[PDB]
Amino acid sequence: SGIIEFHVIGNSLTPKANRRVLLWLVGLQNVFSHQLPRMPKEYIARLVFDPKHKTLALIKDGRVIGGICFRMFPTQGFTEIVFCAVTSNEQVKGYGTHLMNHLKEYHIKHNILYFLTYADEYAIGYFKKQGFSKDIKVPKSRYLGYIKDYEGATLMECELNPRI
């Protein structure tokens, strides 16, 4: 291959069926754990391997270099962004943005035009660059008890424009 690849992966029932995917999920778990050191490792493991969660993985030379773990709520009309990370040495090259753009294109194709996420204070500017806002248009009745809340984090929303 020799080039970056985007793979939407996860655990559909059991992770043993596809070893390549398993290895990538472990890779993701490790990247998320390293780049989100305040999240418990067991918690990251649990969600990455949860059948209702998918992860858009960025793979370079068979190695996970970043990912966005998410959960789609089609009937609610949004997706929850759960974890978002690029490995350290590959940061500040445009990959965090590429990832999010890819994720947006994927969701436009699935007619889900809202992302919700809880952002750490020191990550807010990243989300803002990706078009997220603190102003939430998804009604609280729609996301309360659907999305996971976090301590001291700021709820942010991206309204996707499918046009162009």
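Between two forms, the rigid core is defined as the largest C-alpha subset superposing within 1.5 Å. All residue numbers are counted from 1 along the displayed sequence.
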Between stretches 148 to 156 and 20 to 28, more displaced by Cα RMS in 5 other deposited structures of this protein (rigid core superposition): 148 to 156
Check: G10 without coordinates in a third or more of other entries: no
Going by the mean C-alpha B-factor recorded in the entry, which is higher: 150 to 158 or 5 to 13? 150 to 158
Comparing mean C-alpha B factor in the record for 29 to 37 and 93 to 101, the higher one is 29 to 37
Checking the record values for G62, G131, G67, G125, which has the greatest CA B factor? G62
Splitting the chain's C-alpha B-factors into thirds, which one does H53 fall into? middle
Within-chain third of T79 by Cα B-factor, per the entry: lowest
Comparing against every modelled residue in the chain, figure out the third that the C-alpha B-factor of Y43 lands in (lowest, middle or highest). highest
